[PDB]
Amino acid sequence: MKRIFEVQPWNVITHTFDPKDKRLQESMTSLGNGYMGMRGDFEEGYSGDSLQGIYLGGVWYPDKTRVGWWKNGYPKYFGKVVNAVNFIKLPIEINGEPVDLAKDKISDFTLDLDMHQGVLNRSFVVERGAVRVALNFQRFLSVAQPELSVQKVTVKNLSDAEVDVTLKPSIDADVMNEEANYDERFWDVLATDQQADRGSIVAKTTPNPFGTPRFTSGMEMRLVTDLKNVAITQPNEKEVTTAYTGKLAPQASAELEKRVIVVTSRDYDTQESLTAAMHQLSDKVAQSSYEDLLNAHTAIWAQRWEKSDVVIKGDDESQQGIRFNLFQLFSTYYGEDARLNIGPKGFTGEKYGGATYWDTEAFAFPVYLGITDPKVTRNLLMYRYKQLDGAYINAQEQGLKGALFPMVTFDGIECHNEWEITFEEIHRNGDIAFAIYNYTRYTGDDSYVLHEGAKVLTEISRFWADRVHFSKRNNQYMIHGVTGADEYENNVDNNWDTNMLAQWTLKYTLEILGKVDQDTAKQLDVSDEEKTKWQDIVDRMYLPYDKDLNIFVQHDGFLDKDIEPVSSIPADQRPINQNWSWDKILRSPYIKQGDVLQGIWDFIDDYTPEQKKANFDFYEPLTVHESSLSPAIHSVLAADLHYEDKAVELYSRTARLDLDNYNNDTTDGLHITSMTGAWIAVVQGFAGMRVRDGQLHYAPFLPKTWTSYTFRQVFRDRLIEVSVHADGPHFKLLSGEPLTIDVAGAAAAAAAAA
């Protein structure tokens, strides 16, 4: 829809500043180190339209549920990551007047996100008539020191006369979540400390009646500068500040570094110990130079790129896309904290609350299995196991047995508040179970599924067994009143994907129960009566199908709709979520994202080329891709069917979803969980990567518009590099023991230095 940044291989940079595209711009320039993250907000302040957003991983608030009308079973709160105390604040005054790009005239603007070093640069000249001052910013959230945020500002007087410049590094707790249900603050300041060269604020989320955890943050600022310190009084009980000034001669420069340490109660047991660590880490960092801190940061990012960069030659728009995805994906989550997960919009916005969704096991798993240690995904599996208690509660809220994993959660308990989604989008249980299988197949490690995983599969199967009903009229089991992955169909009957996933879950669990050891089988305690019941459900599950079209019907009665292609929809009416009333969206034949195709994608090798063709040709043209998680899987499926041009088109739609604002909603933040798309399209799609009966298989094709593409993949303790050129694919074993892979049907042995 709109591309506000230039195209470059390693940078997302622009020389244009427009107040009208501020939120979009802030989203694109977000940063993160897994421990915390934030939007590309201007630290000196900005009075125009903007979304202030800084988020601490795992730090959320239980916002009391807000709905028009209540329904029995609805959750009591919507957990959402808290917009944190503003610790980057650093107003800049020129001759006493603060800089504010919403009002100031500027020249020579540059906003540059350096993806290779993981740093955000921004520079411009403040144009105030005869008074002209250049400002150069650079900052980063250290991947070397998780609690560390580093900012640097360089000032240069371009005027013909002396000018006064004053920087006021500070910490401001007067913040709020724009999406708060009742327009109320979530932070209470516990302690503030202001000195000549330091400042710190210890805050704690306000109390709640839901018995959920309250979080304490400790933020301390330390400085490095050649400016003169000035006395300043603490402005409020919710803000601490310092002041440094300098009378710059023409062409003279000054600079200041702001080092902020951020600690939270999830890593320290008491306010006292938390406060102590805050001070100790600050003392430690004050011993390091800017270069020291930066190099340690860049060295780690360089290492990450070394292991997982995707080099595309001949198409920079595509190069920039894949690198932006992986950059923001890893900035959000790199498996460093086993307690965390991946919020849909990571640390770049508020929508969805940064909570845990089915996005993780459906779309994130494929990528983390491919480029990170298998222990990362194994832990994402345990994350759910550890929340089984909450799943039992969710199911009970709907009068169902077994485990019902939530649509939205932080502790296992449901958070979403829409009956069509909260109670009915149950396919998620199936996606959760599939992730277990996917991890097991990929890694060859069945120690999880034969233990903790068996319990999760058992309880999910228990849910399915209680949720289906037997239709005497059809002598088959059915699943009425649901919402499939395609959220543009609500409260429908026999959503194919859901029935398929339920049947598969039961089938797989029965397989696993036959493999666990006696002690485990005893604990699971699944009677022969249960197994017989489950087997009957597997045997007689109803699956809608249409002979004439040879397709699986999304849900019963789908073909009764007024079927017409997406091409018939006027461009000015798209996206339909922003232009049509909900009833119109629901009854129309338009699909939000993969549903039948999501199922086929999960079980891509279980369907024949003809079946896949029939379903793809029918559904793809009806899909509006209004979920960022839609384009990528469609690209893979297209590649699978040899629709090379369509695959590349879809690749661009996912790889550059945010960069080109495809869904006209990047103003709300980046589609982080969707950042998995480009990699999937390139590897599973273009390269045709599949894991079959324990061995890696590829069958690559090269986008006609490309010279080549190279990527690295982690597979059972081996690190492989795949390079695709016009003359065919090329493989190199970078590490690990000799491995035999399948390439278009030919077995090739890989060995180091050979």
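When you see a residue number, it is the position in the sequence shown, counting from 1.
Looking at 20-28 and 727-735 together, the entry lists the larger mean B-factor for 727-735, computed on C-alpha atoms. Two stretches are in play, 220-228 and 592-600, and the higher mean C-alpha B-factor belongs to 220-228. Taking only the listed residues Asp493, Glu350, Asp539, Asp645, the entry reports the highest CA temperature factor at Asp645. For the set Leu670, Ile633, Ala196, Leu326, the PDB entry puts the maximum C-alpha B factor at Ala196. Per the deposited record, the Cα B-factor of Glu291 falls in the highest third when ranked against the other modelled residues of its chain.
Remark: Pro235 belongs to the highest third of its chain, ranked by C-alpha B-factor as recorded. Sort the modelled residues of the chain by CA B factor and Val85 lands in the lowest third. In the deposited entry, the Cα temperature factor of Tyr244 places it in the highest third of its chain's modelled residues.
Looking at the C-alpha B-factors along this chain, the one for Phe210 belongs to the highest third.
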